[PDB]
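Peer 1: Residue numbers (the entry's author numbering), protein chains in the order written: chain A, 1 to 402; chain A', 1 to 402. A prime marks a further copy of an entry chain.
The beta carbon of each residue, even a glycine, is placed where N, CA and C say it ideally should be.
Here you go, one structure.
2 protein chains.
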Amino acid sequence: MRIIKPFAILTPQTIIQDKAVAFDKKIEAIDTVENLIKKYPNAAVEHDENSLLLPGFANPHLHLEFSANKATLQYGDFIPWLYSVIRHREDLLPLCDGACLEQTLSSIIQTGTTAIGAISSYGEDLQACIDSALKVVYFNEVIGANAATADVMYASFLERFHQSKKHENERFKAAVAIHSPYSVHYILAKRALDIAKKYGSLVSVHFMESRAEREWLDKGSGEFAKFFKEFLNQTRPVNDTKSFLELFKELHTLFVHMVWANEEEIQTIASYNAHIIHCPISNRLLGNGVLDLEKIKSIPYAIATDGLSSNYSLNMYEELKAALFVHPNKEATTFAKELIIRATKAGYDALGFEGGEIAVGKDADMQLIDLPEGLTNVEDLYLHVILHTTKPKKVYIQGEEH
Amino acid sequence: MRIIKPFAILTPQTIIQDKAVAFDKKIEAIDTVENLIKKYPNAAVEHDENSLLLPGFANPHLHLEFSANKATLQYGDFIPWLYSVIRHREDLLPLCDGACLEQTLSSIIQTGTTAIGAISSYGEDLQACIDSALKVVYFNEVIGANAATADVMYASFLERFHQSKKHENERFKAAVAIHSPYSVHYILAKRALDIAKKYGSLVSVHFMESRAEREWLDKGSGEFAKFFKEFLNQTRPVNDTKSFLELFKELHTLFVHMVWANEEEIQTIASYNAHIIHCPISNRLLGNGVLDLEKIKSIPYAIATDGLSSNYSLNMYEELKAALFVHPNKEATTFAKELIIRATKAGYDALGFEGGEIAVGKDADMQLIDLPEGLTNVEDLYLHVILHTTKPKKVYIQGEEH
Ligand SMILES: [Fe+2]
Ligand SMILES: [Fe+2]
């Protein structure tokens, strides 16, 4: 058992001062040191009077296999990005070898993230993910818009799913991802989702990431038409949007991006066991705009970084700074608090892990960070944490310091 | 004489490959190494084939005296920020002692800035500024909304101006700043601007930073009314906006912030020898919104950071990232190019120094930075410079490496 007394605790929902945290694997008590040592005389006390304790972040959406990308893929516009992925992935993917994967995951921890949602298209990231101390939801992604080759795509997905499933434990979950409504034909999607139903697996889907997707699904026109004509020899979207969305009705689903989702889709998703995953940097850099947080207010959201295929870092502090800036008309002190909650508790909820909150009974998944100096107004703490922090002093996963 | 051969030169307006730069104090030639050594057999050649050369940044607006602020001033809303400045400045200002000023200026250079516009309200930053290797326009700021005490405010301004003027040389210019149209009564402003006229000094003014200012000047109402009533015992704005703006007609002026400027003001300023100074982080953090770059397209703009009184860093790379994000609907590859030009050449133009461009005859004020790896499309270089760079490998001011 250990006790840490910081300047303040961000729970994340509240700011607690004049209390410490007793923990082992889980958070056991939150009280004054005076009271804690009565209960835990065996716990050494660390006084960190110029530090803050907050939960470890969740990052519920990242494409680890693309972690060698720096400037190879094309930014600025979604369809050119997708062409660039198709062009470069055969070389880019193997460039992220075991050492690259291992280092990338270690750096996630070092920047204060303690739980991730890994989107895996090819499965060669499995060993690195099971080796990591992180909590991981390992989403086995399926893709395939041609009904005639669904069998091959399904068989690969199924094999990857079962390869991951043997490694399940309290910190590692095997899951299912559907690439998108434009790239996964209905029947193949349903087959993959039936595996999720059978096992109670979490599900992720990219939904309405781009305006091109919006127009293609709605009208069978727009910039995606040339892409489907050239790349897939298809003249029309293979899916009816509403029918596709209904496939997710009985599952726990992460709807990623969601920038271009419409009011009807939002009402439907609000009725589901669903979370939106907001990836502000990726959306802005790919010419996809900015998710409107009023429009989606009926559905809980969490923050993620996406992969290094459409981001310059996997550091949640960088993501949170960008989030402040792409929602520039949200008053900063209150929005910073919202952001910290949505990067910790909300993402843990999306991933289904017992953490993201400094509360009794939660796993001791925590960050110890420096207190911004000269703080006048304690309610400004959330904002100053985002602005001034880039690396925690200590990061704990189930009480173990990394 | 020296020669550097990088992967590419950002001039900033163009990307040049397969050429090197010969320089001493000034850039002397841009040509292949083969051609340069014929002209400059005395110049050693540095091959930096995994680097880029670009101009040093200009940062035409910074309040150096507030460089001890981290979390003391109140963010989120302009008038509460101003109250916090009034409350805390007596203690905050002396906290930035000589060592703080010296370190702050050194860090500006280390982050790739080679020229600044320093706004000085009290003059205790003069020694540090003259000591720095930076190019500095040292703006002596005047403030005072009470016509009855204009003499005292004017005398202090005049003394500070002349104290700075004795230090003028090719890299250090004495200049004049008018705090704002709400805080400097017309007659005092005109007296200070007459000094600028006499000496041909550059001028800076904060103009339409906040909506409160807009409403106060336009209608004599809004959130500034309580402030003027309580703090100054004034019931009405002391200035007519148009009359105040006309004071700047015959001067070279930097109009800072400009978020809330109206169409009439923009047309007037476009007819003046004037630049807008865009401070995206400061404006967003103080609840002032975002400058609309279409609205002001008729007036050249440059990027600045403001002081650490309303920013978390003085690093232009951080400012440029934030600029990408607060203008999220500007296509990223082209906007990044615009930003790099507006942080180098445009800011040098605003400050009146011969730099900000890698061109023959300009001062050799340059940055050598790492080339982002794996670059497929060279036109993406500007974007990847912003995303992946935080500290140059070398920074030159008039050819001297720092
Ligand atoms: Fe993704
Ligand atoms: Fe300023």
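Consider the C-beta atom of A/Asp125 and the heavy atoms of ligand 1; say whether any pair is separated by less than 7 Å.
Peer 2: No, the beta carbon of A/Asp125 sits no closer than 7 Å to any heavy atom of ligand 1.
Peer 1: Does A'/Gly355 pass the burial test, meaning 16 or more other C-beta atoms within 10 Å, or should it be called exposed?
Peer 2: buried
Peer 1: Please confirm whether A/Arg284 has its beta-carbon closer than 8 Å to some beta-carbon of chain A'.
Peer 2: yes
Peer 1: Could you tell me whether any Cβ in chain A' is nearer than 8 Å to the Cβ of A/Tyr312?
Peer 2: Yes, contact with chain A'.
Peer 1: Check whether the stretch 36-55 of chain A' and the stretch 90-97 of chain A' are in contact - that is, three or more C-beta pairs closer than 8 Å.
Peer 2: no
Peer 1: Let me confirm a value: A/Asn69 is counted as buried when at least 16 other C-beta atoms fall within 10 Å, else exposed. Which label applies?
Peer 2: buried
Peer 1: Helix, strand or coil for A/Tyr396? Go by DSSP, reduced to three states.
Peer 2: strand
Peer 1: Residues around ligand 2, please: the ones whose beta-carbon is closer than 6 Å to some heavy atom of it, in chain order.
Peer 2: A'/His61, A'/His63, A'/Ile119, A'/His206, A'/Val256, A'/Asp306
Peer 1: If we ignore side chains and look at the alpha-carbon of each, how far apart do A/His257 and A/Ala147 end up?
Peer 2: A/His257 and A/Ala147: Cα-Cα distance of roughly 26 Å.
Peer 1: Taking the CB atoms as reference points, tell me whether A'/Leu82 and A'/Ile109 lie closer together than 8 Å.
Peer 2: no
Peer 1: Under three-state DSSP, which class holds A/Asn42?
Peer 2: coil
Peer 1: Going by alpha carbons, who is nearest to A'/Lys226 out of A'/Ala174, A'/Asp218, A'/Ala212?
Peer 2: A'/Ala212
Peer 1: Excluding the 5 residues flanking A/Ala270 on each side, which residues of the same chain have their C-beta closer than 7 Å to its C-beta?
Peer 2: Taken in chain order, the residues that qualify are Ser298, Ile299.
Peer 1: For A/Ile15, which residues of its own chain have a beta-carbon under 7 Å away from its beta-carbon, when the five flanking residues on both sides are left out?
Peer 2: Taking A/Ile15 as the centre and dropping the five residues before and after it, the same chain places the C-beta of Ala8, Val378, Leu381 closer than 7 Å to its C-beta, in chain order.
Peer 1: How close, in whole Å, do the beta carbons of A'/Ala343 and A/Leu285 come, if the pair is a contact with beta carbons under 8 Å?
Peer 2: Incorrect: roughly 19 Å between the Cβ atoms, too far for contact.
Peer 1: Less than 8 Å between the C-beta atoms of A'/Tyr312 and A/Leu387, yes or no?
Peer 2: yes
Peer 1: Name the chain A residues that come within less than 9 Å of A'/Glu338, Cβ to Cβ?
Peer 2: Those within 9 Å of A'/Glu338 in chain A number zero; the least Cβ separation is about 13 Å.
Peer 1: Within 8 Å of any Cβ in chain A', is that where the Cβ of A/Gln74 sits?
Peer 2: yes
Peer 1: So, A'/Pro181 versus A'/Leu232, is the Cβ gap smaller than 8 Å?
Peer 2: no
Peer 1: Which runs of the beta strand (DSSP E) at least 3 residues long sit entirely within the stretch 262-343 of chain A'? Give them in chain order.
Peer 2: Given a length threshold of 3 residues, each whole run of the beta strand (DSSP E) inside the stretch 262-343 of chain A' is given here in chain order: 273-278, 301-303.
Peer 1: Can you look up A'/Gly98 in the DSSP assignment and give me helix, strand or coil?
Peer 2: helix
Peer 1: Report the neighbours of A/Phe325 on chain A': residues whose CB is nearer than 7 Å to its CB, in chain order.
Peer 2: Chain A' residues near A/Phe325: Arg284, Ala322, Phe325, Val326.
Peer 1: Going by DSSP, name the residue or residues bridged to A/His206.
Peer 2: A/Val256
Peer 1: Count the other C-beta atoms from every protein chain shown that fall within 10 angstroms of the C-beta of A/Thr253, then say buried if there are 16 or more, exposed otherwise.
Peer 2: buried
Peer 1: Taking contact to mean at least 3 C-beta pairs separated by less than 8 Å, is the stretch 72-86 of chain A in contact with the stretch 52-59 of chain A?
Peer 2: no
Peer 1: Going by DSSP in three states, A'/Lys166 sits in which element: helix, strand or coil?
Peer 2: coil
Peer 1: A/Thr11 CB to nearest chain A' CB: under 8 Å?
Peer 2: no
Peer 1: Which residues in the same chain as A/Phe224 place their Cβ atom closer than 6 Å to its Cβ, once the five residues preceding and following it in sequence are excluded?
Peer 2: So the qualifying residues of the chain are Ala212, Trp216.
Peer 1: For residue 403 of chain A', which residues in the same chain have their Cβ closer than 8 Å to its Cβ, ignoring the five residues on either side in sequence?
Peer 2: The displayed coordinates of chain A' run from 1 to 402. Any statement about residue 403 of chain A' would go beyond what the structure contains.
Peer 1: Helix, strand or coil: which one does DSSP assign to A/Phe23?
Peer 2: strand
Peer 1: Expressed to the nearest angstrom, what Euclidean distance is found between the alpha-carbon atoms of A'/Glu319 and A'/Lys337?
Peer 2: If you draw a straight line from the Cα of A'/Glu319 to the Cα of A'/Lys337, it comes to about 14 Å.
Peer 1: Just to confirm, is the Cβ distance from A'/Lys197 to A'/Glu250 under 8 Å?
Peer 2: Their beta carbons are under 8 Å apart, which means A'/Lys197 touches A'/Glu250 by this criterion.
Peer 1: Kindly indicate which three-state DSSP category A'/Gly347 falls into: helix, strand or coil?
Peer 2: Collapsing the DSSP output to three states places A'/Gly347 in a helix.
Peer 1: Counting only beta-carbon atoms, is A/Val33 nearer than 8 Å to chain A'?
Peer 2: Taking 8 Å as the CB threshold, A/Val33 stays off the interface with chain A'.
Peer 1: In its own chain, which residues sit with a C-beta less than 6 Å from the C-beta of A'/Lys173, not counting the 5 before and 5 after it?
Peer 2: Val137
Peer 1: Taking only the alpha-carbon atoms, compute the straight-line gap between A/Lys166 and A/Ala128 and give it to the nearest angstrom.
Peer 2: 15 Å
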